[PDB]
Each structure stands twice: as C-alpha cells, then as structure tokens.
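What follows is a single chain, given as structure tokens, in the form deposited in one PDB entry.
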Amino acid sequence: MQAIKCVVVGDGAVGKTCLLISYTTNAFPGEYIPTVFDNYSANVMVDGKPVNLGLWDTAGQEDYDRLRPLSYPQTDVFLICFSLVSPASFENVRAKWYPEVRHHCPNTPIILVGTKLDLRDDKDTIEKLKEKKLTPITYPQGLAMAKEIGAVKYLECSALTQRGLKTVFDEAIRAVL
C-alpha cells in the first residue's frame, strides 16, 4: 500500500480549494465554496494497484514566500494549477510557481492543470476580458507552457461540471508509479 503525497500550488483565484472539494465530495459545493480544506488521505485503486493518496492544499500562502515552501519537502507530485480565464496566473506559472517548485524539489513530477474550463465559452467572461484587451488561454498555449516547464502532463478540469477532474488525480498517481 504505497503512500503518495500530492501538493497543489497556484494563485489565489485559480480555485484549488474547490478543485479539491469537488473531487473528494464528488459534488460541487454549491451556494458556499469552502475556504478551508484540511489535508486529505484516502485509498484509491488505479490500474489494479491500490495506493493511499494524500492531498495538500496551499490556500492562503500566496503572499508568504517563506511560510509557503514548508510543505514542499517530501512531496511525491505537484499540481501547478492556473486559470483559463486569467492570463496573469498563466504568466505567474512560469514566473513564480515553477522556479520555486523546481528549486525546492528538483526531481518531483509536475502536472499542469488549467481550471475553470466551463467559463471559457461564456459570453460574459469573453466580453469582460475584451474590455481589458485580454483573451482566454486556449489549449495550445497551455500545452506549449507545459512543454516549456517540462511538466509531465497538461490537463484541463472544471470543478462545476467535474469534466476531467477525475482524470487529473489518476494521472498524478500514475506519474509516480
């Protein structure tokens, strides 16, 4: 029963807490999105090889460059999460998170996740981004950045509809194996 540790790192607006709540509870939070997600651990059966997967959420530690890397030692896999309706997080992926993660953990595998897939086709988000001369991040841009930072796999998920959310953690587990 191998134990695997997965730490999620990203900006505040990426939505990592909801990303984990919707996966663990198998249901979108709904009216209230939780602010606190305690460390998770459960048995997951992947490819006939049961493992014990543990999930670490780093919410609230964005503006603290010394408190944040306290969770990095002894991490089996990282999830670098950005938002598809915010290019600022896409730039901070190569500006802030990847250098720190690769500095503290030179050999830990990384999965590049793009969240909020459901808002990409919205006609309100598109207009609001056009007001600021911004466009949503397409799939090829995410794939190119994943190849840039040497991430194992680029994936897109949606906490609202749970599309691709179950594949992210399965691929993260399979990366370690």
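When you see a residue number, it is the position in the sequence shown, counting from 1.
Only in words, not in the display: the form deposited with a small molecule bound, which the text now covers.
Comment: the small molecule is not present in this chain, but in the bound PDB entry one of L134, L119, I137, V152 has a heavy atom within 4.5 Å of it, namely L119. In the bound PDB entry, at least one heavy atom of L19 sits within 4.5 Å of the small molecule.
Under a 4.5 angstroms non-hydrogen atom cutoff, the small molecule in the bound PDB entry lacks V168 among its neighbouring residues.
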